[PDB]
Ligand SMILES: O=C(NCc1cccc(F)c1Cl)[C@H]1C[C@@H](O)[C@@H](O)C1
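What follows is one chain in structure tokens, specifically the form solved without Optactamide (43Z).
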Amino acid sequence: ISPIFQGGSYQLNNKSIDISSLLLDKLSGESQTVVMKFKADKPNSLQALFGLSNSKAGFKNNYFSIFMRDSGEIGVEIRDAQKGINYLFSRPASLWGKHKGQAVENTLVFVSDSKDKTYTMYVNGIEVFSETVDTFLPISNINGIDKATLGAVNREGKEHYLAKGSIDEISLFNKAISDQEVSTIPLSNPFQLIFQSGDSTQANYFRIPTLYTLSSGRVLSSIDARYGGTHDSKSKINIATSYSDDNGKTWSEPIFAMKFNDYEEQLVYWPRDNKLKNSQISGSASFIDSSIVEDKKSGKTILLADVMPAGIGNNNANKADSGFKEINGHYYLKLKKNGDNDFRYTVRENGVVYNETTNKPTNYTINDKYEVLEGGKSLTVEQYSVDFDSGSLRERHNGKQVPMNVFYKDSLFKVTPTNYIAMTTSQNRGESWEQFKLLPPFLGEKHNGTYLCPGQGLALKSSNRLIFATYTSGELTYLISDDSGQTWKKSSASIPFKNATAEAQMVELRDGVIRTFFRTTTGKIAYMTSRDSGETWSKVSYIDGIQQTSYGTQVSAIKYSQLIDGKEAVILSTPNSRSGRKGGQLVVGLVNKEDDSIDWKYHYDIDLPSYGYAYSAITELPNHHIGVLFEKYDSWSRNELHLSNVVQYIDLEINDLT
């Protein structure tokens, strides 16, 4: 259908534009669609892009508006005082501001549908809200409407919510266009989605992106596929992967590298209201925090992730037990059988479940998949599904049986409720993944395991050494293998922090010289250096010129392959901010060969200082461009939980950065 109104090249410089004569007498019926292509690289704190209002005295709360905040939030108000209706819908972190230093044209599609009593907002190809009401209010049917306005809302004859930006195109339709029709509206996105709502994972949310370039040129990515909102475990979370064989231009339909089946994989819209947003899937096993490395010698790709048994996360992680028992200098996974008050069982060699009280083996064994078998026959449990239909979250048996896994809540045998580390491999560069194995304890029997640093592992260029960084209280604990990850050893490196979330990433500055950048509690990114390929580690220093928050955020890093201003180059990706997770930057450092110090010379703003930027992953693509996959929102803020499609991918070239 044609538009009833179509206009453009409107400059909003804190002066509203009156289009009432053009538009108001065209509006008819109760369903409308607004399509609007706009820029705002210097928004005011709070501004309206489009307004429909009763401007008369005493009717200040009769208007429709499409508004944004300088935090990147978008929303609408639909108010009529006489009808006693005051509707506000919005979603934080829905906008782009800048890309490569040019203002981004955001494509906004708002559908006001009177038949379905539903308001739907799309921005840059992403539905950010869809709200159904019991009492629909057509944006046209607001009492006494007499003004149509761009860049403000006219209330009692005055400009409210004055805007700074521009509207390249605006069109209105006296129809609620279909989801199908919306999909055909052309976009001007600076970004790409690799993982997204409705893909093969069926997770509505995603966190903790990774990126790694394989020697064949294939680019690999892993991520937390988060089902129960964006909450850290406890929840249901699988690890998913996707690859690109064309320098990041297109990406495979994702598959799982790590998954549990105790709970169904469900696409669920998690409540964002204050009473309910902290609802948590509370009985599901899960993974969290993946890290990737490629082993030159075997050609295998290796992926590690944290593992958590049902119910269990960071809060209630057994911080006094590794979950293994030492016997004769060997480690065995402890088990608790349904009905005991203690862990009276171990998984010895060949999965054989073994009674520790009697030292007699049982008729039960554990297969490669951590599944339970009795006399060689495989036991099952009934799966759970979740729903908010009763008003609050319910976790209910769903009728489907799945193999009994010792990480599950309904399992006859259960592991110790603490965090573990799992490892899987792919022989086909991420077209499929093996069953994972648990890594052994490194810090000992009574020490609960370390925490994987998400992102990349490090493959030393001049040898077969593989290193995965992990953290725990008071130290980083690097995991080192020289035999394609068959066996691992630890290299501990003390840090001056207790209970720090010390997510660390490494770059190889030259052959045998590793620098690790890590998150702290001080507001500065820290670093340490190894010169013997990770055997031993320097004292901690800190970077000046970049700010993080007191709680800090993960930082991603690569050694760039090409000299810049004639010097070795490292690239860092991080929020640059002491207030929140925003102001994303790539920072380019030039190495000083006389002392391996780094001059941080170029700062590249991914988008506005006020727009969200959290965890990230960077990689040098085979064409020497830079790929960035990142949380484009504040993943710390309690106001920005459970947003869909905010992990986004962009392509940069070095000259953009400098």
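Numbers for residues come from their place in the sequence shown, where the first is 1.
The same protein also exists as the form solved in complex with Optactamide (43Z); that form is not shown, yet it is the one meant from here on.
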{"query": "Region of this chain that lies against Optactamide (43Z) in the deposited complex, out of 170-178, 483-491, 79-87, 206-214 [heavy atom, 4.5 Å]", "finding": "206-214"}
{"query": "4.5 Å heavy atom contact, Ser221 to Optactamide (43Z) in the deposited complex", "finding": "no"}
{"query": "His603 within 4.5 Å of Optactamide (43Z) in the deposited complex, heavy atoms", "finding": "no"}
{"query": "Any non-hydrogen atom of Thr357 within 4.5 angstroms of Optactamide (43Z) in the deposited complex", "finding": "no"}
{"query": "Interface membership of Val35, Optactamide (43Z) in the deposited complex, 4.5 Å heavy atom rule", "finding": "no"}
{"query": "Within 4.5 Å of Optactamide (43Z) in the deposited complex, all of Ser561, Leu621 and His624 (non-hydrogen atom)", "finding": "yes"}
{"query": "Optactamide (43Z): the contacting residue among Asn106, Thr301, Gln456, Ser71 in the deposited complex [heavy atom, 4.5 Å]", "finding": "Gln456"}
